[PDB]
Amino acid sequence: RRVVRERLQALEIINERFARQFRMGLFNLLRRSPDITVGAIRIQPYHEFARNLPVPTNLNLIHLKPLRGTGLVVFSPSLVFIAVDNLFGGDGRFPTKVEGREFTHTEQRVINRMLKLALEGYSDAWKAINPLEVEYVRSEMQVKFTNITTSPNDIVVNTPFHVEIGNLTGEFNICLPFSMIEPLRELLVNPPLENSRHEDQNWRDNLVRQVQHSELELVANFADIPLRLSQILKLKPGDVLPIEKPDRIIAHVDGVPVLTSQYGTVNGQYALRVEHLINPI
Amino acid sequence: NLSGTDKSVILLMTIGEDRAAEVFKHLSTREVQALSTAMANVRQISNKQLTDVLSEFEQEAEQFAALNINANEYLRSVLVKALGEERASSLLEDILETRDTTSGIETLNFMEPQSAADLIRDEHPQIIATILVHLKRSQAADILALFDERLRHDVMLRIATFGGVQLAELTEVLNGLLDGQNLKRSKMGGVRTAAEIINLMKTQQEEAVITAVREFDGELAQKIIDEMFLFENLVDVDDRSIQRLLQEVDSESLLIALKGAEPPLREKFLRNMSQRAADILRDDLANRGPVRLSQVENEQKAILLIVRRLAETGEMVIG
Amino acid sequence: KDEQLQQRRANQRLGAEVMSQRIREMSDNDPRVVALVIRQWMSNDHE
Amino acid sequence: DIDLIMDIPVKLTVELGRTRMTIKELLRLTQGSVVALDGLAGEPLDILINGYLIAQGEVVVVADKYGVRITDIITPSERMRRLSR
Amino acid sequence: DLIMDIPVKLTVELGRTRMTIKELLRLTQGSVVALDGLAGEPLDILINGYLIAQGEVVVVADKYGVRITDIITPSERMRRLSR
Amino acid sequence: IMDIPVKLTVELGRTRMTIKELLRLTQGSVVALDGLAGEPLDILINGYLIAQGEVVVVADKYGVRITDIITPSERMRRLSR
């Protein structure tokens, strides 16, 4: 049994701007403008993501301090082949497919350049909103060896991307554990907010100035006696129910108490004599 | 006589410890290790030898009138004040890499083609195509020849597609492949050293080994037997080499070897000789009686050792 | 005989060490005449 | 079905009065401040459970012990009239 | 029944465990604690803290729905309170 | 300071209606609550709340994945609900 649901707003924009940054980075790196198509953000268990992962492919570990845990990135063999031949200027119209064969030293080095470029791009994109350092840990071949999540059923978030350069195409993914963003679960849901300048706080203070003009309905309580509905049914008008001594009156609005008070007889009216505001701090 | 290495080694001791360390930094670690072993194993200079190495170094110094400093820093500093440090460091790195990549190109041309091909077999076909283009056309062909048909065809197809002529990354590619050679070593892995041991072993023992490896892998056994092939038939070794053996080996030993040889072997070893020599050899073979096979095998082994020595000298090919 | 050979060895060593000091001083005052002769040394070694 | 439910504990609540009041007023309020309520002195207090209207009653001091004496059971029509305010 | 239309508060629980405060003291904010009831047993269903019946949750219509199975059964209620 | 065992309590959701809606529903009738799939669960002691935390199952035995002590801020709102 493992269930999680949520809706996200900010990381979509974050992925879009990071994708634009990565596109321009690859353009300047390979002297050719690429195109990146960000897929819909995927929320799935770790085992489902591993099953959907096309083996063989290279997986890389990038830690995210100070949050405990390591991030994961993947790149397709088609993408690495196309990138490396473009680095050599090859047209790519006579491609080759390698399966099971581990990446050579040179191929791993080219993967290292893609890894560092992507790390820098995501670092700047993420720090544009929240400063969270990204540091590569260890590349991996098989997903089972990555074993990032505690359980295969652990639900993780993955961001797919479709990257092409002219006729040449490709797809790579960025998948993250949900526990990685569990402390920031409320922040990622919230859409990005601009300003935050000094006039933004007094703007909040302006809202407060509006807030003082508010309407509040208090509730006064005397007795909260536990009884039985059988007794209620046998209760008849004229019946009397004893009540303990109400040494004080609790005042609450929609439930939340604010103060304690003492009842009193004032100008022929049921009046209360407040003692002090309830401060939970 | 003193070898060129020993003279250089003695000069390396004489030039001083700091200069020797600087030369070690300027030179290859294999050279550093060789010099260290030489100065540890035994000194290379005697009083006549020290005189000779010092005198020849002096004649080198007379001719090498440097009137100049190495200035790996001083030359740059004079350049930096006039134009600025920046517009020199990158261009200098590019020039050095061009010297370095050409050095690697020449090294790959010199080193064995199939070894280069297998070192690059795992690498990218674009890498293979660009390195083939950069290499000498004899060397490029030699790396291409070994490759399987599909990889080779893709390589020639991508030769045309290579229009990017990329430039710093190519040098770094050469650097990456360069760092893998010092770990490769090998030598022990190759079959021919193992095959030579099989020849060295006792007849029945390598016959049993041949049967066992035929059970293990018929193709491997056939390859090792093809490596075995040494004057077991006329076509592989050729009549000229058959003539060469008979004029270089004792007639009595040749006849004793031919006692246990096949009649086609006798025919091939008698065609080259003239009528008189062939008649003498045939009469001697007919007259000589049976001999214990140990001596025949020993003389055959000596004859095959002579054949191997001739092949090593490289007068003619065998196979 | 043996004493004469020993004295010859001693004076040869003295001459060798002073002339080696001559190499030391010329190499100190001019490194260019050193690198090219090192190149010649390695050429002789590999040849 | 009915017999099953009868022996079940339930809670009840009673309210004194209601006044419009804003956070300015409550912040201005201090220790010992007196606040009245729309409930007239001597008016029977409304009786509810879990915020649901039940009846009305008044407190009577019987044997120097406080006790609320109910007076009526709210009809559906009068409950609708009360909520339609 | 003139008070039929009265909303009520229900309570559904998993299981109990006799747990001394020394245990919670070493229990961190991210610790794991077990219970007494075995997995798969229907959860007990109560209202306003009063025992009613038992049921089990099922993933139906994308919402946790509990399937009522037993009745108050006052004899069984007495047996349960007699523990 | 001195130690003593104490009764805990975990609550799976709360709703508001009359029992007759479920009293009419005989045994085997499935009924949902405000409790959905994914949200954490709270822990009560003697009926007094402590902390928020999910519950998992291990070795065919339930295990609470407690998260943090409930502060009065959210305590008040859950009391109001």
# chains A, B, ... in the order shown; residues from 1 in each chain; ligands from 1

call {"tool": "select_by_dssp", "arguments": {"residues": "segment 36-253 of chain A", "states": "helix (DSSP H, G or I)", "output": "VMD selection string"}}
result
chain A and resid 46 to 52 77 to 87 105 to 127 143 to 146 178 to 181 185 to 189 198 to 211 229 to 234

call {"tool": "write_last_selection", "arguments": {"atoms": "C-alpha atoms", "output": "PDB file, in the first residue's frame"}}
result
ATOM      1  CA  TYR A  46      10.366   3.869  -8.573  1.00  0.00           C
ATOM      2  CA  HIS A  47       9.700   0.379  -9.932  1.00  0.00           C
ATOM      3  CA  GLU A  48       7.387   1.783 -12.608  1.00  0.00           C
ATOM      4  CA  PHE A  49      10.014   4.332 -13.637  1.00  0.00           C
ATOM      5  CA  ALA A  50      12.684   1.623 -13.777  1.00  0.00           C
ATOM      6  CA  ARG A  51      10.420  -0.561 -15.922  1.00  0.00           C
ATOM      7  CA  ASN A  52       9.729   2.353 -18.271  1.00  0.00           C
ATOM      8  CA  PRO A  77      22.321   6.064 -26.161  1.00  0.00           C
ATOM      9  CA  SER A  78      20.769   7.756 -29.187  1.00  0.00           C
ATOM     10  CA  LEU A  79      21.352  11.155 -27.575  1.00  0.00           C
ATOM     11  CA  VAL A  80      24.955  10.405 -26.653  1.00  0.00           C
ATOM     12  CA  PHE A  81      25.644   8.998 -30.134  1.00  0.00           C
ATOM     13  CA  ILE A  82      24.127  12.024 -31.863  1.00  0.00           C
ATOM     14  CA  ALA A  83      25.890  14.490 -29.562  1.00  0.00           C
ATOM     15  CA  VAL A  84      29.278  12.829 -30.002  1.00  0.00           C
ATOM     16  CA  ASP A  85      29.002  12.610 -33.794  1.00  0.00           C
ATOM     17  CA  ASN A  86      27.938  16.264 -33.919  1.00  0.00           C
ATOM     18  CA  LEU A  87      31.008  16.984 -31.795  1.00  0.00           C
ATOM     19  CA  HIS A 105      36.234   5.785 -22.064  1.00  0.00           C
ATOM     20  CA  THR A 106      35.785   8.502 -24.690  1.00  0.00           C
ATOM     21  CA  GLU A 107      32.004   8.037 -24.683  1.00  0.00           C
ATOM     22  CA  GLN A 108      31.950   8.316 -20.889  1.00  0.00           C
ATOM     23  CA  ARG A 109      34.053  11.480 -21.172  1.00  0.00           C
ATOM     24  CA  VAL A 110      31.574  13.027 -23.618  1.00  0.00           C
ATOM     25  CA  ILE A 111      28.857  12.002 -21.161  1.00  0.00           C
ATOM     26  CA  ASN A 112      30.919  13.854 -18.551  1.00  0.00           C
ATOM     27  CA  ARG A 113      30.746  17.069 -20.566  1.00  0.00           C
ATOM     28  CA  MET A 114      26.992  16.684 -20.958  1.00  0.00           C
ATOM     29  CA  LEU A 115      26.752  15.979 -17.223  1.00  0.00           C
ATOM     30  CA  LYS A 116      28.709  19.062 -16.180  1.00  0.00           C
ATOM     31  CA  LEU A 117      26.861  21.304 -18.638  1.00  0.00           C
ATOM     32  CA  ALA A 118      23.478  20.033 -17.439  1.00  0.00           C
ATOM     33  CA  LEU A 119      24.561  20.392 -13.810  1.00  0.00           C
ATOM     34  CA  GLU A 120      25.567  24.016 -14.376  1.00  0.00           C
ATOM     35  CA  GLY A 121      22.359  24.771 -16.268  1.00  0.00           C
ATOM     36  CA  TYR A 122      20.098  23.257 -13.636  1.00  0.00           C
ATOM     37  CA  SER A 123      22.155  24.898 -10.890  1.00  0.00           C
ATOM     38  CA  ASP A 124      21.604  28.382 -12.293  1.00  0.00           C
ATOM     39  CA  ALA A 125      17.954  27.667 -13.135  1.00  0.00           C
ATOM     40  CA  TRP A 126      17.168  26.331  -9.662  1.00  0.00           C
ATOM     41  CA  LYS A 127      19.157  28.972  -7.767  1.00  0.00           C
ATOM     42  CA  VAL A 143      18.858   1.251 -12.709  1.00  0.00           C
ATOM     43  CA  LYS A 144      18.786  -1.516 -10.087  1.00  0.00           C
ATOM     44  CA  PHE A 145      22.314  -0.531  -9.061  1.00  0.00           C
ATOM     45  CA  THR A 146      21.179   3.070  -8.551  1.00  0.00           C
ATOM     46  CA  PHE A 178       9.350  12.591  -3.943  1.00  0.00           C
ATOM     47  CA  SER A 179      11.103  12.496  -0.565  1.00  0.00           C
ATOM     48  CA  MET A 180      13.718  14.776  -2.134  1.00  0.00           C
ATOM     49  CA  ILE A 181      11.044  17.491  -2.379  1.00  0.00           C
ATOM     50  CA  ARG A 185       6.146  20.085  -1.080  1.00  0.00           C
ATOM     51  CA  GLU A 186       4.195  23.265  -0.315  1.00  0.00           C
ATOM     52  CA  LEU A 187       6.649  25.459  -2.235  1.00  0.00           C
ATOM     53  CA  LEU A 188       6.615  23.474  -5.485  1.00  0.00           C
ATOM     54  CA  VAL A 189       2.806  23.545  -5.560  1.00  0.00           C
ATOM     55  CA  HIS A 198      10.876  46.072   0.285  1.00  0.00           C
ATOM     56  CA  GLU A 199       7.637  47.516  -1.091  1.00  0.00           C
ATOM     57  CA  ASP A 200       6.300  43.961  -1.270  1.00  0.00           C
ATOM     58  CA  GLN A 201       6.320  43.558   2.520  1.00  0.00           C
ATOM     59  CA  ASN A 202       4.626  46.899   3.127  1.00  0.00           C
ATOM     60  CA  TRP A 203       2.256  45.755   0.402  1.00  0.00           C
ATOM     61  CA  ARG A 204       1.570  42.861   2.757  1.00  0.00           C
ATOM     62  CA  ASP A 205       1.385  45.536   5.446  1.00  0.00           C
ATOM     63  CA  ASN A 206      -1.065  47.364   3.168  1.00  0.00           C
ATOM     64  CA  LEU A 207      -3.147  44.199   3.131  1.00  0.00           C
ATOM     65  CA  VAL A 208      -2.911  44.235   6.930  1.00  0.00           C
ATOM     66  CA  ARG A 209      -4.202  47.818   6.917  1.00  0.00           C
ATOM     67  CA  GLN A 210      -7.162  46.472   4.964  1.00  0.00           C
ATOM     68  CA  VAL A 211      -7.425  43.555   7.413  1.00  0.00           C
ATOM     69  CA  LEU A 229     -29.353  10.810  23.035  1.00  0.00           C
ATOM     70  CA  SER A 230     -31.622   8.416  24.928  1.00  0.00           C
ATOM     71  CA  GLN A 231     -31.631  10.986  27.730  1.00  0.00           C
ATOM     72  CA  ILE A 232     -32.231  13.684  25.114  1.00  0.00           C
ATOM     73  CA  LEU A 233     -35.239  11.763  23.788  1.00  0.00           C
ATOM     74  CA  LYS A 234     -36.650  11.334  27.287  1.00  0.00           C
TER      75      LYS A 234
END

call {"tool": "closest_atom_pairs", "arguments": {"of": "chain D", "to": "chain F", "cutoff": "12 Å", "atoms": "only C-alpha atoms", "output": "CSV"}}
result
residue,atom,partner,partner_atom,distance
D:1,CA,F:23,CA,7.1
D:2,CA,F:23,CA,9.3
D:3,CA,F:23,CA,11.7
D:4,CA,F:23,CA,9.6
D:5,CA,F:19,CA,8.5
D:6,CA,F:19,CA,11.7
D:8,CA,F:19,CA,11.6
D:50,CA,F:16,CA,9.9
D:51,CA,F:16,CA,11.4
D:52,CA,F:16,CA,11.3

call {"tool": "residues_around", "arguments": {"residues": "residue 80 of chain E", "least_positions_apart": "6", "cutoff": "12 Å", "atoms": "only C-alpha atoms", "output": "VMD selection string"}}
result
chain E and resid 44 51 to 53 72 to 74

call {"tool": "residues_around", "arguments": {"residues": "segment 35-49 of chain F", "least_positions_apart": "6", "cutoff": "7 Å", "atoms": "only C-alpha atoms", "output": "list in words"}}
result
residues 3, 4 and 5 of chain A; 63 and 64 of chain E; 7, 8, 9, 10, 11, 12 and 13 of chain F

call {"tool": "write_last_selection", "arguments": {"atoms": "N, CA and C atoms", "output": "PDB file, in the first residue's frame"}}
result
ATOM      1  N   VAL A   3       0.362   5.320  -1.670  1.00  0.00           N
ATOM      2  CA  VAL A   3      -0.461   6.241  -2.446  1.00  0.00           C
ATOM      3  C   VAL A   3      -0.031   7.673  -2.152  1.00  0.00           C
ATOM      4  N   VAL A   4       0.104   8.478  -3.207  1.00  0.00           N
ATOM      5  CA  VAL A   4       0.400   9.907  -3.109  1.00  0.00           C
ATOM      6  C   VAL A   4      -0.272  10.612  -4.281  1.00  0.00           C
ATOM      7  N   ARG A   5      -0.886  11.765  -4.012  1.00  0.00           N
ATOM      8  CA  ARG A   5      -1.414  12.611  -5.075  1.00  0.00           C
ATOM      9  C   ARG A   5      -1.076  14.061  -4.761  1.00  0.00           C
TER      10      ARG A   5
ATOM     11  N   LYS E  63     -11.349   6.829  -3.729  1.00  0.00           N
ATOM     12  CA  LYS E  63     -11.519   7.317  -2.370  1.00  0.00           C
ATOM     13  C   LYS E  63     -11.531   6.144  -1.404  1.00  0.00           C
ATOM     14  N   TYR E  64     -10.946   6.350  -0.228  1.00  0.00           N
ATOM     15  CA  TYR E  64     -10.950   5.323   0.807  1.00  0.00           C
ATOM     16  C   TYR E  64     -12.359   5.142   1.350  1.00  0.00           C
TER      17      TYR E  64
ATOM     18  N   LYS F   7      -2.389   4.648  26.898  1.00  0.00           N
ATOM     19  CA  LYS F   7      -3.150   4.243  25.723  1.00  0.00           C
ATOM     20  C   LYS F   7      -3.043   5.294  24.627  1.00  0.00           C
ATOM     21  N   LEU F   8      -2.723   4.852  23.418  1.00  0.00           N
ATOM     22  CA  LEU F   8      -2.641   5.719  22.253  1.00  0.00           C
ATOM     23  C   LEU F   8      -3.920   5.612  21.431  1.00  0.00           C
ATOM     24  N   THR F   9      -3.987   6.417  20.370  1.00  0.00           N
ATOM     25  CA  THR F   9      -5.153   6.429  19.497  1.00  0.00           C
ATOM     26  C   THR F   9      -4.771   7.018  18.148  1.00  0.00           C
ATOM     27  N   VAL F  10      -5.149   6.329  17.074  1.00  0.00           N
ATOM     28  CA  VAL F  10      -4.975   6.814  15.711  1.00  0.00           C
ATOM     29  C   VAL F  10      -6.352   6.889  15.062  1.00  0.00           C
ATOM     30  N   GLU F  11      -6.609   7.974  14.335  1.00  0.00           N
ATOM     31  CA  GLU F  11      -7.932   8.241  13.788  1.00  0.00           C
ATOM     32  C   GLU F  11      -7.875   8.361  12.272  1.00  0.00           C
ATOM     33  N   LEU F  12      -8.692   7.560  11.591  1.00  0.00           N
ATOM     34  CA  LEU F  12      -8.750   7.561  10.129  1.00  0.00           C
ATOM     35  C   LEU F  12      -9.996   8.301   9.640  1.00  0.00           C
ATOM     36  N   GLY F  13      -9.915   9.625   9.671  1.00  0.00           N
ATOM     37  CA  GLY F  13     -10.898  10.463   9.015  1.00  0.00           C
ATOM     38  C   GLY F  13     -12.148  10.693   9.847  1.00  0.00           C
TER      39      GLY F  13
END

call {"tool": "residues_around", "arguments": {"residues": "residue 79 of chain F", "least_positions_apart": "6", "cutoff": "10 Å", "atoms": "only C-alpha atoms", "output": "PyMOL selection string"}}
result
(chain A and resi 255-256) or (chain F and resi 49+72)

call {"tool": "write_last_selection", "arguments": {"atoms": "N, CA, C and O atoms", "output": "short mmCIF file (atom, residue, chain, number, x, y, z; two decimals), in the first residue's frame"}}
result
data_model
loop_
_atom_site.label_atom_id
_atom_site.label_comp_id
_atom_site.auth_asym_id
_atom_site.auth_seq_id
_atom_site.Cartn_x
_atom_site.Cartn_y
_atom_site.Cartn_z
N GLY A 255 -14.66 28.48 16.37
CA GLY A 255 -13.95 27.41 17.03
C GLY A 255 -12.72 27.85 17.79
O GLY A 255 -12.45 27.34 18.88
N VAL A 256 -11.96 28.80 17.25
CA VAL A 256 -10.66 29.15 17.83
C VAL A 256 -10.84 30.07 19.03
O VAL A 256 -11.32 31.20 18.90
N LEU F 49 -4.28 14.42 21.00
CA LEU F 49 -3.44 14.33 19.82
C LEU F 49 -1.98 14.62 20.14
O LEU F 49 -1.66 15.33 21.10
N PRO F 72 0.23 23.75 17.88
CA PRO F 72 -1.13 24.27 18.11
C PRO F 72 -1.75 24.94 16.90
O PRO F 72 -2.98 24.96 16.79
#

call {"tool": "residues_around", "arguments": {"residues": "segment 13-16 of chain D", "least_positions_apart": "6", "cutoff": "12 Å", "atoms": "only C-alpha atoms", "output": "ChimeraX atom specification"}}
result
/A:218-227,241,243,249-252,263-264,269-272 /D:36-59,68-70
